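Given next, in structure tokens, is a single chain: the form deposited in one PDB entry.
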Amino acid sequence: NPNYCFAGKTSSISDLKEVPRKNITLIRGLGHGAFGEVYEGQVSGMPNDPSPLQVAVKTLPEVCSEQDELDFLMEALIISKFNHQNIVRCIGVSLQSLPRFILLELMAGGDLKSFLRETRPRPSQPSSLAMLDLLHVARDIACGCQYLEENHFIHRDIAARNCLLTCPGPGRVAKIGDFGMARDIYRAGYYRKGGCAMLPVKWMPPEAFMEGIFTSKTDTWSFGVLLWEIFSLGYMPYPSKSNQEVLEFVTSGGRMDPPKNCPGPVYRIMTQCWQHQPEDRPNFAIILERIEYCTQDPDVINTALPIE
């Protein structure tokens, strides 16, 4: 029964909140994925009539290995032990019925990459998205990243597809919602269930793909790329290049151009996140204060977003 250790007390499955299977109702499939399903559901505590708890339910496929099972359990542990408004909450688990459930904060606005793509200013459907919407999301995630850093957790896979939004409209809050990669390295010493084609090399600094060195400065680099993803409104990093081209480009000093219409101050922040020497990269407290400076500048927040 493997333990998990964070900040830096210890826990195990025994410390997960086991919710009675009979209390959980699945409403709809929310996409899914290749390994496991995600549903919108309800937990009817205690059971009642209502107001029940709205949740996202992650399933473990019932045909899986012992290692898969431990991996699923580990994800539960990692997530439950966080306490940050910019990190998705784990509501509990349902491990004593099959298939196994993890129950997470329902994030109604979906993943960040998809949200951006789906809400890009278009006309027909008008411009209900502006520069400050983008800056707030960047601050939200910076805030969560800072909490990981201060508690010495390396995420390893910061990326818009791994961030989620509480809702689509104004008032949305962006949160980090995926810890699969962190879990994997925690479990073996390395990327055992992956391989090279599965690495997020486009979000990795040179010391990371070259040496397998990860520190909180490697998340900083990843964050820079996230920013570009946000300010490009959900484009793939290094638009024309493959993984290898990117690894060659970045190694030789190459860096992405600013996204269309990106204010200089925001771009400056990305370029500092991508300094070659990790020691030259800002930590998350500096990144936050910088994104707040951008927030205060009318010339940045008054800038129009492109219309594709």
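Residue numbers here begin at 1 and follow the sequence given. Just so we're on the same page, rigid core means the largest C-alpha set that superposes within 1.5 Å between forms.
There is another form of the same protein, the form deposited in another entry; it is not shown, and what comes next is about it.
Chemist: With the two forms aligned on their rigid core, point out which item of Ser240, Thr271, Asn48, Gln277 shifts its C-alpha by 2 Å or more between this form and the one not shown.
Modeler: None of the others reach 2 Å, which leaves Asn48.
Chemist: Is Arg28 among the residues whose Cα moves by 2 Å or more between this form and the one not shown after superposition of the rigid core?
Modeler: Result for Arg28: no, shift under 2 Å.
Chemist: Hey, the CA atoms of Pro47 and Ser12 end up closer or farther in the other form than in the shown form, with the change being 3 Å or more?
Modeler: Compared with the shown chain, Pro47-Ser12 is farther in the other form.
Chemist: What happens to the Cα distance from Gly194 to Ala34 in the other form: does it get closer or farther than here, with a change of 3 angstroms or more?
Modeler: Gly194 and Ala34 sit closer together in the other form.
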